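Below is one structure, written out as structure tokens, with a few remarks after it.
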Amino acid sequence: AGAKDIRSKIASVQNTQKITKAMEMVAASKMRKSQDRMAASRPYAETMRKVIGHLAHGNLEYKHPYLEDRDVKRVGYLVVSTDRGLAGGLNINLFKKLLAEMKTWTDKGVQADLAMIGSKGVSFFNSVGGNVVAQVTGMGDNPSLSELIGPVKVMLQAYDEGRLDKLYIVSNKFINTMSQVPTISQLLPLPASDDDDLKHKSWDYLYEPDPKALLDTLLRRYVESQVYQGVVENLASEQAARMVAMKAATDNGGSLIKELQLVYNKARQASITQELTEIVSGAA
Amino acid sequence: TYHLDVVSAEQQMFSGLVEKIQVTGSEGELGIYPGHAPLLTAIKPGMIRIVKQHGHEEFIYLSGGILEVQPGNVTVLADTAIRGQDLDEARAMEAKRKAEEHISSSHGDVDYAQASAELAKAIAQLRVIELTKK
């Protein structure tokens, strides 16, 4: 033991607990901003996916590489992550689940191409040994699709030059203010829908310009919108996880204070007793 | 009848049940009605009318986008779109002032590629603001 050093540790832990409380404040405010931005993003992606859903079952159809169900030789993943710590184990769980599915493809002899949106993902997968083909880091407090387009542009080129056959996006769903889950979702080759063809409503704009080029542009927009909503939702999840972790750290700091103080009190009492015993005995 | 949805790519513009509409298109304005055709493409700067149950309309600015047309529930994907009472005649007149300046301030084809779009956006605002008075 020792009185001054224990009291120094008590002061330091007190200060750290106060700081963790403040960091919880910051995390909560950032979550508010992130969730309202998510609310803005939701309708646009929702409507666009409804569009492509009805295109999944239309008549007077024609082929498109992003539409057909081609075989899988290699798989692409668009991975979102934080660039910061103190967010609990969100990134770890998402990385583990992606590693599980990538292992499943590796069993089948199917290779994985990875594009990272965060620094933690870059570090984790370059040190573990995943083939990072694209990467962007440090997006900022307000993220924008403009900077994220580049990695998506690379992945799109990988698909449209024929090398990449199936493409997935991985992100954490903002299920609630206090609950989230990591997910892997089918992105580029169009997923299934429940419908039959709607024969007619208004005018078939299709052949006013070229159908192929316009459909190309539309599916570009579709993939970009999906990616943007995923990123925004993951930032909301990040703020939630950080606030939970900060609360836990605050409680643990209080727990250490209430015990270091017992050690300090016993130390003070014992020291005073020893010194007084020396004085009284030395009187002789 | 049928259902319609509109988004401004960073905002939802409309969602609900509807009877009939009138909208812009790949080349110009167009009179739309329900049940006619199954295919879809792009939008030039314009506007849209939304007549709902009991015959109640509304008037929305469409700065640019894509239109589905074919489905029972249809939607408009707009890169930018503004609600008919978020915008106003003063705002469209400011757009008129901007565009009439830029016509005088654009002198090459490369810059007119943007000046023409600015003028089209202003003219679309100026038509939706008049249709808004109904």
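Calculate I(q)/I(0) for chain B by the Debye formula, one identical point scatterer on each C-alpha and no solvent, and give its log10 at q = 0.09, 0.18, 0.20 Å⁻¹ to two decimals.
-0.27, -0.97, -1.16
Along the charge dipole of segment A:26-243, Cβ charges K/R +1 and D/E -1, which of A:203, A:231, A:187 sits furthest on the positive end?
Of the candidates, A:231 comes out farthest on the positive side.
Among all the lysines, which ones have a C-alpha under 25 Å from residue A:73's C-alpha, if same-chain residues fewer than 8 places away are not counted?
Residue A:73 reaches A:63, A:96, A:97, A:103, A:108, A:153, A:166.
Against the empirical 2.2 N^0.38 Å scaling, what ratio does the C-alpha Rg of segment A:140-284 come to?
Compared with the compact-globule rule of thumb, segment A:140-284 sits at 2.17.
What is the angle, in °, between the Cα long axis of helix B:89-105 and the longest principal axis of the Cα atoms in chain B? Nearest 10 is fine, range 0 to 90.
For B:89-105 against chain B, the angle is about 40 degrees.
Which of the peptides A:200-212, B:3-15, A:134-146 is most tightly packed, and how do the rest follow, judged by the mean count of other Cβ atoms within 10 Å per residue?
Per-residue mean Cβ counts within 10 Å order the peptides as B:3-15, A:200-212, A:134-146.
Under 24 Å from the Cα of residue B:98, which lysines turn up, not counting those fewer than eight places away in the same chain?
Within the straight-line cut-off, residue B:98 pairs with B:44, B:121, B:133.
Cross-link partners among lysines for residue A:247, C-alpha distance below 19 Å, same-chain residues fewer than 8 apart left out?
Here the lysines satisfying the reach criterion relative to residue A:247 are A:18, A:21, A:30, A:258.
According to the square roots a ≥ b ≥ c of the eigenvalues of the Cα gyration tensor, what is the shape class of segment B:29-96, taking rounded for a/c under 1.5, prolate for a/b larger than b/c otherwise, and oblate for the remainder?
oblate
Considering every residue in A:39-49, what mean count of other chain Cβ atoms within 10 Å of its Cβ is obtained?
So the per-residue partner count for this stretch is 5.
Most exposed first by the Cβ proxy, i.e. fewest other Cβ within 10 Å, how do A:71, B:111 rank?
A:71, B:111
Can you tell me the dipole magnitude for chain A around its Cα centre, using point charges on the Cβ only (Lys, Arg +1; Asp, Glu -1), in Debye to the nearest 20?
The calculation lands at about 1200 debye.
Rg over Rh of segment A:41-183, using C-alpha atoms and the Kirkwood radius, what does it come to?
Ratio of gyration radius to Kirkwood radius: 0.98.
Just want the ordering: A:6, A:272, from fewest to most Cβ atoms lying within 10 Å of their own Cβ.
Fewest-to-most ranking of A:6, A:272: A:272, A:6.
In peptide B:12-25, what is the residue-averaged number of other protein chain Cβ atoms found within 10 Å of each Cβ?
Mean partner-chain Cβ count within 10 Å for B:12-25: 1.
Once you wrap a convex hull around the alpha carbon atoms of chain A, what is its projected area averaged over all directions, in nm²?
So the mean shadow area of the Cα hull is 20.7 nm².
What does the highest-first list of B:70-78, A:35-43 look like by mean Cβ count within 10 Å?
B:70-78, A:35-43
I need A:64, B:102, B:54 ordered by Cβ neighbour count within 10 Å, fewest first.
Neighbour counts put them in this order, fewest first: B:54, A:64, B:102.
Explain nothing, just the number: relative contact order of segment A:26-243, from Cα pairs under 8 Å at least 6 residues apart, as a whole percent.
So the answer I get is 34 percent.
Once every DSSP H run of n ≥ 4 in chain A is given -39500 (n - 2.57) and the sum is divided by its residues, what mean residue ellipticity at 222 nm do you get, rounded to the nearest 500 deg cm²/dmol?
Helix-only estimate at 222 nm: -22000 deg cm²/dmol.
Could you work out [θ]222 nm for chain B from helices alone, using -39500 (n - 2.57) per DSSP H run of at least four and dividing by all its residues? Round to the nearest 500 deg cm²/dmol.
It lands at -10500 deg cm²/dmol.
To the nearest whole number, what is the average tally of beta carbon atoms from other chains within 10 Å of the beta carbons of peptide A:51-57?
Across the residues of A:51-57, the mean count of other-chain Cβ atoms within 10 Å is 4.
Readers should treat all values here as calculations from the given coordinates under stated rules, not as data from a laboratory. A quick note on method: Cβ atoms are made from the backbone with ideal geometry, for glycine too, and the neighbour counts reach across all protein chains shown.
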